[PDB]
């Protein structure tokens, strides 16, 4: 690496409620709320009615302190920097009697030279966190109006004044926990000569034959003298040098700008998930002075091109991604913070979440703008899993201020995070905000504010989203696409706008539209659509008692944050399912409902390529135990939707679609290769396993790379009776010329409530060892949308939420580090017929 020494200030911290004089142990990085929880000074914030009970914390100020030793030798190093990767938010930082910083932006990392204020022996660091509520009350009082931030769960919408994670004040899926603290690491670096303030690997060009790179370094030299140095860049792959370049300089006191070209011949390209390997080169920059390497910095680099194509065309304006010159249909989801208390999210949790994305065949994730700019680990995982990242800036749902001081805070965060993130292969584009223009146009603020205030809002929008942010991206990330808002034009209430750019089509859920509307209401790119579900019982049990098991109980409503609530789930369920009498059965069918309905839309989106070029559902994940649009609950359990997304996103998909009493079958491929001489085989099978009629065979089919094509159409009239339609399914198989199966699907000709499902007992055999439970399931008769339920939190399944076909055994592997040999995992198999009489 280099000759610097890093001291992590991650132990020895204490905290206190301001005014109390009482100090207790703290964990840093951490939060005031977690520190209080650790001392049983708050209840479990996520349980029952406890959200009201934890609100007091936001009204108090909080102090943190630690002490650390510095030696004579350390004190004698040329430079010593104190780095706060994150302070939430209004934090006065004192070291040894010096005010080093008045922090005011959660999203900025602060590097502070401290050599002149450190002392040999004990050093004392004290941080005073002003309540972000008390800090901004006078600011709100001066404002003369209240910003229309419905997601800020307080009478006074103070969130807009503070550059602090918007969701911490509440959200339409989220608890209000307006926390404070040292939310990312604190480090002290002792070093000689200089540090590399920034290392940016600019890709000038990329072809199959050559990659031309520009290594741009910003070096901050901390000594009085002019220092001869050699700058070196080494490019390696898998531990072996590919190319090395060097440059002689003389570093001047202060900032030095150094640029070294490098080329990689016959480069190995980074490919997104499903299209090959996400190959990452190791680029290491070193500053050598005499025999010593005084500074080094590396990045993993992926050699690829990403172009967002957003052009007027015959259908309106396209919106799609071209990766390595090939249009890539986007498949993924919107990501929100993984917890109400950010430092509680563990490395393992990030890894597992990326495994969930990769295993569901996703190639994109939107880091949505009411959260945070994520930690470095998130982007590293996206790099090594081949998942493109759409990065919103952290503005969502409300217009914001646009006064000079505010825009200066924003500029600081934009520069910091663009420089922090711009070397990531996964980073694909920047988006100014979530839904703010939509709010300004379509919520009638014309009549909620004076004309003067509304004009100020409109001018302010331009200053921030059409000027400051795009100028900053042009300066610091010139090769990446920026759009001022998502959706930039299309509105879900205006069918005429859907051909223009990306859609957040909230007809389903907010508009109460049936899932079938997703077949007709097509976007050019779906950047949000969604449907809610209660999480499964083991998660409900984590926030509620049995007395609370009613969909509109005080506790269930306390764990619903949308402007339309839990009753809407029953309303949709009734359209397609028999409503179960028991709460547990309702919850099960509700998982099934969300998975089925949403899969129908994901299928519509893919089926309608190239008109539509992507789908990111709302939402991947949860920040707490809640009723929400997520596909994975807060404890990491895949809902039915996550399995259904995996299926709907499979590289090759057979998509039967039935409309107006006619069946069409589409072959959909995101493979890079064309498949030739394929056979589609179909047969009707009743619920007892008996084939009805003859097999239908469609031979000599081509499935070209990156296409969706209809290969079969048939009217139901004259093929199946209405009676067969309620008591049979279609089995579909796609095989190559030699007979090897590449895809399979099952189609039902009627709504589940209209199916004549037979009572059936699902049997299974279990083989349990450490970490693993192997189940073989069997039923002589169809068991519809089986859910294999286990009480073990976060247990992983090879499959779940599938139809168990008559007489066709099914193997399922359940895994968890907590499965023990000889400690039988409880298993409860649910299926649709069991939910009613």
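Definition used throughout: the rigid core is the maximal C-alpha set that superposes within 1.5 Å between two forms. Numbering follows the first chain given and starts at 1.
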| item | value |
| --- | --- |
| Larger mean CA deviation from the shown form in 6 other deposited structures of this protein [core fit; 586-594 vs 437-445] | 437-445 |
| Larger mean CA deviation from the shown form in 6 other deposited structures of this protein [core fit; 754-762 vs 546-554] | 546-554 |
| Residue 822 left out of the model in a third or more of other PDB entries | yes |
| Between the two ranges 813-821 and 16-24, the one averaging a larger CA B factor in the entry | 813-821 |
| Segment of higher mean CA temperature factor, 751-759 or 235-243 | 751-759 |
| Maximum C-alpha temperature factor, selected from 436, 705, 285, 626 | 705 |
| 713, 504, 561, 157, ranked by C-alpha B-factor: the highest one | 713 |
| Chain-wide C-alpha B factor ranking for residue 732, given as lowest, middle or highest third | highest |
| Third assignment of residue 787 from its chain's C-alpha B-factors | middle |
| Among modelled residues of the same chain, the CA temperature factor third for residue 794 | highest |
| Third of the chain's Cα B-factor distribution that residue 807 belongs to, per the entry | highest |
| Among modelled residues of the same chain, the CA temperature factor third for residue 58 | lowest |
